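Peer 1: Here it is: the structure, laid out below.
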2 protein chains.
Amino acid sequence: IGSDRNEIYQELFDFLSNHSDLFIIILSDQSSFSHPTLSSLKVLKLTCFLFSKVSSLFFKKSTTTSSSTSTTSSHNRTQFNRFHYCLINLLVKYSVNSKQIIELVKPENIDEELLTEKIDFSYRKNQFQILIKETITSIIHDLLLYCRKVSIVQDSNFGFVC
Amino acid sequence: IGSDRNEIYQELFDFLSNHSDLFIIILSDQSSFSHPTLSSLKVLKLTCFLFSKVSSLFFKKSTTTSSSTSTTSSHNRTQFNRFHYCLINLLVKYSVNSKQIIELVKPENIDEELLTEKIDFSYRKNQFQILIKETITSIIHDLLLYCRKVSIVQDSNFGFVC
């Protein structure tokens with residue numbers, strides 16, 4: 001029903017918004033690790049998808065000006081601004097440096113080393129440099145869905161500038 | 001006088017603690033710039049020195065339990081915990097990866113390219129790979145002074161675990 005997808009998206013909103021420092025540390029991709037891995041990218045692919053799904057509640061819970069506690073509506077909008085700049089800076093990092101990231105990622109498992117030897121006959125690359133790249137297609141895709149759901153609002157009003 | 005060094009250290013404490021998210025971004029050294037530079041290290045050498053100087057106020061303003069606003073003393077201690085983990089993770093990054101950092105830094109000026117051609121007769125290295133290294137001696141030294149001033153308190157009581 002019209003309830004049930006918004007209920008799922010509200011337990012996900014209030015998850016992401018209580019655990020906000022962990023999700024800021026994930027969504028900055030401020031990686032102290034001198035190589036990224038395919039499993040940090042597996043986690044990032046899922047995190048950007050969740051923010052793309054919940055994006056319309058991120059607009060609403062930061063724009064509903066209730067006639068009471070100005071100290072909470074400013075806080076919700078400050079969390080929104082932090083998450084928004086992280087998600088926009090990922091759309092810079094993962095598009096512009098896309099090729100360097102595919103050339104910097106390392107395997108974590110013998111399954112991924114056996115994809116690092118093997119070529120793709122369509123591409124030459126190895127199969128690992130394609131699984132990384134198509135994980136990066138996924139990161140860019142739901143980041144662009146987040147940007148669309150934040151730039152264009154209901155009744156076709158404009159939202160935040162991406 | 002006994003006032004005047006605490007005046008200078010208080011304007012520096014309340015500087016570093018109001019501007020906290022800028023100093024967290026400096027002190028994490030989560031360098032998304034795919035090479036570090038000597039001038040980011042010039043800034044980091046000064047930032048670690050200021051936190052080493054102010055460290056004893058960072059212990060006091062996070063441990064003075066007044067019988068009043070538990071909502072502020074918990075906040076001061078949360079800022080302390082953020083700065084402390086950054087300064088400790090720098091002491092990991094700059095000691096263990098010390099040699100790789102000297103092999104990853106680039107010059108920003110023709111003055112520093114003219115130190116990148118020139119050898120040191122004592123060392124072979126170039127002179128730039130020594131100026132980087134001795135900037136890293138400086139970063140490690142005042143980070144170790146911070147750790148000493150935070151591990152060992154007045155009366156020789158123990159402080160925070162480094």
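Chain identifiers are assigned as A, B, and so on, following the order in which chains appear in the structure tokens; residues are numbered from 1 within each chain, and ligands are numbered from 1 in order of appearance.
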When you get a sec, could you note down which chain A residues fall within 9 Å of chain B, using only C-alpha atoms, as a PDB file with C-alpha atoms, in the first residue's frame?
Peer 2:
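iface_13.pdb, freshly written:
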```
ATOM      1  CA  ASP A  29      35.034   8.217   0.680  1.00  0.00           C
ATOM      2  CA  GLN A  30      37.758   9.936   2.755  1.00  0.00           C
ATOM      3  CA  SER A  31      39.806   6.716   2.494  1.00  0.00           C
ATOM      4  CA  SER A  32      43.051   6.662   4.597  1.00  0.00           C
ATOM      5  CA  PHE A  33      43.694   3.187   3.056  1.00  0.00           C
ATOM      6  CA  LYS A  93      35.424  11.444  -7.356  1.00  0.00           C
TER       7      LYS A  93
END
```
Peer 1: So that I can see what lies close to residue 114 of chain B, please list as number ranges by chain the residues with an atom at most 10 Å from it, counting only C-alpha atoms and leaving out residues fewer than 6 positions away in the same chain.
Peer 2: B: 107, 126-128
Peer 1: I need the residues of segment 20-99 of chain B that end up classed as alpha helix (DSSP H) by DSSP on the backbone, written out as a VMD selection string.
Peer 2: chain B and resid 20 to 27 38 to 60 70 to 96 98 to 99
Peer 1: Would you please give, as a list in words, all residues of chain B that DSSP assigns to strand (DSSP E or B) based on the backbone?
Peer 2: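 Restricting chain B to strand (DSSP E or B) produces residues 37, 106, 119, 126, 152 and 158 of chain B.
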Peer 1: Can I get the selection written as a PDB file, in the first residue's frame, with N, CA, C and O atoms?
Peer 2:
```pdb
ATOM      1  N   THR B  37      51.342  16.953  -0.994  1.00  0.00           N
ATOM      2  CA  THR B  37      52.321  17.982  -1.364  1.00  0.00           C
ATOM      3  C   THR B  37      53.145  18.415  -0.156  1.00  0.00           C
ATOM      4  O   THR B  37      52.799  18.104   0.986  1.00  0.00           O
ATOM      5  N   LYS B 106      54.936  15.308  -4.083  1.00  0.00           N
ATOM      6  CA  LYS B 106      55.435  16.084  -5.233  1.00  0.00           C
ATOM      7  C   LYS B 106      55.752  17.545  -4.862  1.00  0.00           C
ATOM      8  O   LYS B 106      55.122  18.073  -3.940  1.00  0.00           O
ATOM      9  N   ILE B 119      71.027  16.386  -4.819  1.00  0.00           N
ATOM     10  CA  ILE B 119      71.345  15.310  -3.878  1.00  0.00           C
ATOM     11  C   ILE B 119      71.755  15.913  -2.520  1.00  0.00           C
ATOM     12  O   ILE B 119      72.239  17.042  -2.463  1.00  0.00           O
ATOM     13  N   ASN B 126      67.419  12.868  -2.798  1.00  0.00           N
ATOM     14  CA  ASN B 126      67.425  14.303  -3.097  1.00  0.00           C
ATOM     15  C   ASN B 126      67.077  15.154  -1.853  1.00  0.00           C
ATOM     16  O   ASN B 126      66.599  14.641  -0.837  1.00  0.00           O
ATOM     17  N   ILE B 152      49.923  11.262  30.464  1.00  0.00           N
ATOM     18  CA  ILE B 152      50.449  11.562  31.800  1.00  0.00           C
ATOM     19  C   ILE B 152      49.962  12.947  32.222  1.00  0.00           C
ATOM     20  O   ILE B 152      50.309  13.964  31.622  1.00  0.00           O
ATOM     21  N   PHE B 158      47.369   8.836  35.423  1.00  0.00           N
ATOM     22  CA  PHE B 158      47.226   8.459  34.012  1.00  0.00           C
ATOM     23  C   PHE B 158      45.997   9.147  33.393  1.00  0.00           C
ATOM     24  O   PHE B 158      45.004   9.377  34.084  1.00  0.00           O
TER      25      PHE B 158
END
```
Peer 1: I'd like the contact shell of residue 81 of chain B - 12 Å cut-off, only C-alpha atoms, skipping same-chain residues fewer than 5 positions apart - returned as a PyMOL selection string.
Peer 2: chain B and resi 20+24+58-59+62-63+74-76+86-88+150+160-162
Peer 1: Using only C-alpha atoms, find the one residue out of B:82, B:113, B:140, B:118 that sits nearest to residue 21 of chain B.
Peer 2: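 Answer, going by the shortest atom-to-atom distance: B:82.
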